[PDB]
Amino acid sequence: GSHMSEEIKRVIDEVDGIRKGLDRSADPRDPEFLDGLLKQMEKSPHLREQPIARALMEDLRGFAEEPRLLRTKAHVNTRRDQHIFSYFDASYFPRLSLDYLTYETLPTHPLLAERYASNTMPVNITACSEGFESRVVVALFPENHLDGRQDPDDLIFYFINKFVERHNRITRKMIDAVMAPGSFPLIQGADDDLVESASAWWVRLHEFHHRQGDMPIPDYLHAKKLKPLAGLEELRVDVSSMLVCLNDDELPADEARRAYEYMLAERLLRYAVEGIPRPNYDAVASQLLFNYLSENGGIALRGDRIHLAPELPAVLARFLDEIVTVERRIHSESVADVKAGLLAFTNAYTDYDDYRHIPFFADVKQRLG
Ligand SMILES: [Fe+2]
């Protein structure tokens, strides 16, 4: 390798060595645990030279008095370099602990980050410790750090290489075997660099739209924690994103179009089949959108193929309007009552027993891998 790449491998091999011996049953905030971790790190000769590791080490040393990873997050948020290293404690990323990555940025069109700014970093992982190999760890959020905090400057990271992989492994196959021929002309058989860019558009518009509307997630997180409502919210921001891709004609047309089709294929196909024995919240949301589209003339089933209707962009805007109409009630009714209204919308387009994978996708999951 190059000289840097060899040194990074030495840094990461040290991380992987400490990490695998850590008592993971312990409370990772316990001072004896952290002191012992600090001592292994202080005797870790390539790791302890890295600026991010020195920030982490000082944060950890002071953690009892100051339970913030203040220097670690300042390093990452200012992007002093493209190294991300910390001690993570995330319920839904259980394999993350003492973990280290380097990333490469992805170029995005200026009007995208200009008109639709958030603190979102779509990046590719270029090297990492074992925790970041977990296929589950497709993003990284400020509160996943040991201090559990999210603050207004914090950058959110999405590992686009992992989304491209999911597209290559599941979505492509599904487009061919599930959609009508000709459904997704700009993204069908598209090159990975083009999927990559579509996916970076998706995450950027996704996070932007979370913060938009009458019930934006920062403020209304708890209103939207129930599985159907968590899923309906993700649907709201993805459809909003799709519609920006169709309606904002100042965006480059091929890229916006490619992003649009990527988002719709991912939502209609890959997210719709996820689920151990039963659908997850993303799956239920895809079920919801699918049923809603069937029943309102956005898509039709014939031949065991989804056919995308000419007026799908109109049915999408109708869909988003029904959510916004319910969410606008927040300004005059109780949260409990607006939550009941959101729930009533989802129940009209899903099947609950937990939720059941709808029969069309039960057969696709059966038919395909
Ligand atoms: Fe989201």
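Cut-offs and rules
Numbers given for residues start from 1 on each chain and follow the written sequence, which can depart from the numbering in the entry; residues without coordinates are excluded. Hydrogens and water molecules were not included; the side-chain quantities draw on all heavy atoms of the structure. Residues with missing side-chain atoms are left out of burial classes, side-chain pairs and their counts. Here the bend at each residue means the angle between axes fitted to two seven-residue stretches, the one ending at that residue and the one beginning there. To qualify as a helix, a DSSP run of H or I must reach at least 4 residues; to qualify as a strand, a run of E must reach at least 2; elements of each kind are numbered from the N terminus. Exposure categories follow from relative accessible area, calculated using a 1.4 Å probe and restricted to protein chains: below 20% of the type maximum is buried, above 50% is exposed, and the middle band is partly exposed. Any pair of residues with heavy atoms lying within 4.5 Å of one another is described as a contacting pair. Because no water is among the atoms considered, metal sites can look incomplete, with donors defined as N, O and S atoms within 2.8 Å of the metal, or 3.2 Å for Na, K and Ca. By definition, a salt bridge exists where a carboxyl oxygen of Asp or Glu is found within 4 Å of a side-chain nitrogen of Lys or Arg. Two strands pair under a simple rule: DSSP has to find at least two bridges between them. Axes, fitted as lines to C-alpha atoms, cover a helix only where it is in contact. Angles between the N-to-C directions of the axes lie from 0 to 180 degrees. Each angle is binned into one of four classes, with values under 35 degrees roughly parallel, values over 145 roughly antiparallel, values of 65 to 115 roughly perpendicular, and all other values oblique. Expected span, for any helix, means 1.5 Å times one less than how many residues it has. Note that the arc is computed from the directions linking the helix axis to the C-beta atoms. For each domain, the first and last residues come from an automatic or database assignment. Note on definitions: buried area is the accessible-area loss of two parts on being combined, 1.4 Å probe, summed for both.

In the PDB archive, X-ray crystallography is given as the structure determination method for this entry, at a resolution of 1.87 Å.

Caption draft 1: Representation of helix α6 (residues 160–178). At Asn-168, α6 shows its largest kink, close to 40°. Buried within α6 are the following residues: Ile-160, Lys-162, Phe-163, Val-164, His-167, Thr-171, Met-174, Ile-175, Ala-177 and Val-178. For α6, the elements touching its buried residues are β3 (120–128), β5 (156–159), α7 (192–210), α10 (253–273), β7 (306–308) and α14 (359–367).

Caption draft 2: Main features of the coordination of the iron ion. For the iron ion, the full set of protein donor atoms is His-206 (NE2), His-210 (NE2) and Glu-234 (OE), at a range of 2.2 to 2.3 Å. Counting along the primary sequence, the residues that act as donors to the iron ion give the motif H-x3-H-x23-E. Taken together, the residues span about one helical turn, with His-206 and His-210 both in helix α7 at a distance of four residues. Look at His-206 and you get buried, because its relative accessible area is 6%. Using a relative accessible area of 6% as the deciding quantity, one classes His-210 as buried.

Caption draft 3: How the structure looks around the pattern of salt bridges. Enumeration over the complete set of coordinates arrives at 29 salt bridges. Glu-274 is paired through a salt bridge with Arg-166; the nearest N and O atoms lie 3.9 Å apart. In this pair, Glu-274 is assigned in the loop between α10 and α11 (281–295) and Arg-166 in helix α6, connecting sequence segments 108 residues apart. Here the residues in one salt-bridge network are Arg-166, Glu-266, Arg-270 and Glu-274, joined through shared partners.

Caption draft 4: How the structure looks around the sheet that holds β3. Spatially, β1-β2-β3-β5-β4 is the arrangement adopted by the five strands of the open sheet, whose pairing is mixed. In this open sheet, the two strands that pair with only one neighbour each are β1 (83–87) and β4 (139–140). Here helix α1 (residues 3–20) sits on the sheet in contact with β1, β2 (98–105) and β3, set at roughly 150° to β2.

Caption draft 5: Structural context of the pairing of β1. Most of β1 is tucked away, with five of its five residues classed as buried. Here five bridges tie β1 to β2, and the two strands are oriented antiparallel to one another. Looking at β2, one finds that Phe-85 is bridged to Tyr-100.

Caption draft 6: Inspection of unusual backbone geometry at higher detail. Positive phi outside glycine occurs at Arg-79, with the angle close to 55°. Locating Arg-79 in the fold gives a position in the loop between α4 (70–77) and β1. Positioned with a positive phi, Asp-304 is a non-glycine residue whose angle comes to about 70°. Note on placement: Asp-304 falls in the loop between β6 (299–301) and β7. Assessed through its relative accessible area of 57%, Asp-304 is described here as exposed.

Caption draft 7: Layout of the packing of α6 against α10. At a minimum axis separation of 9 Å, α6 and α10 run at an interaxial angle of 90°. By the angle between their axes, α6 is roughly perpendicular relative to α10. Contacts between α6 and α10 pair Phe-163, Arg-166, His-167, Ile-170, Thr-171, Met-174, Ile-175 and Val-178 from the former with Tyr-262, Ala-265, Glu-266, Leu-269, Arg-270, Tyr-271 and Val-273 from the latter.

Caption draft 8: Expanded view of the environment of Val-137. Mapped onto the elements, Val-137 comes out in the loop between β3 and β4. The spatial distance from the C-alpha of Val-137 to the C-alpha of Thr-120 is 16 Å, given a sequence separation of 17 residues. Among residues more than four places away in sequence, those in contact with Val-137 are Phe-93, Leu-96, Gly-131, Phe-132, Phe-159 and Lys-162.

Caption draft 9: Main features of helix α2 (residues 31–42). Between the first and last C-alpha of α2 there are 16 Å, a value that for twelve residues agrees with the 16 Å anticipated at 1.5 Å per step. Of the residues making up α2, those classed as buried are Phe-33, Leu-34, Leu-37, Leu-38 and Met-41. Angularly, the buried residues of α2 cover 130° about the axis, an arc narrow enough to put them on a single face. Residues of α2 that are exposed and point over 90 degrees away from its buried face: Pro-31 and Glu-32.

Caption draft 10: Seen up close, the environment of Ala-113. Within the element layout of this structure, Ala-113 appears in helix α5 (residues 110–115). On the accessibility criterion, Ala-113 (34% relative accessible area) is partly exposed. Apart from residues lying up to four places away in sequence, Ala-113 is in contact with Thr-108 and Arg-204.

Caption draft 11: Representation of the domain arrangement of the protein within the structure. Partitioning the protein into structural domains gives domain 1 (3–154) and domain 2 (175–367). Distance from the C-alpha centre of domain 1 to the C-alpha centre of domain 2: 32 Å. Residue-level contacts link 13 residues of domain 1 with 13 residues of domain 2. Roughly 1,400 Å² of surface becomes buried between domain 1 and domain 2 when both sides are summed, with 64% attributable to carbon and sulfur atoms. Seen at the junction of domain 1 and domain 2, the total is two salt bridges. A salt bridge links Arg-115 to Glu-250, with the nearest nitrogen and oxygen atoms 2.8 Å apart.

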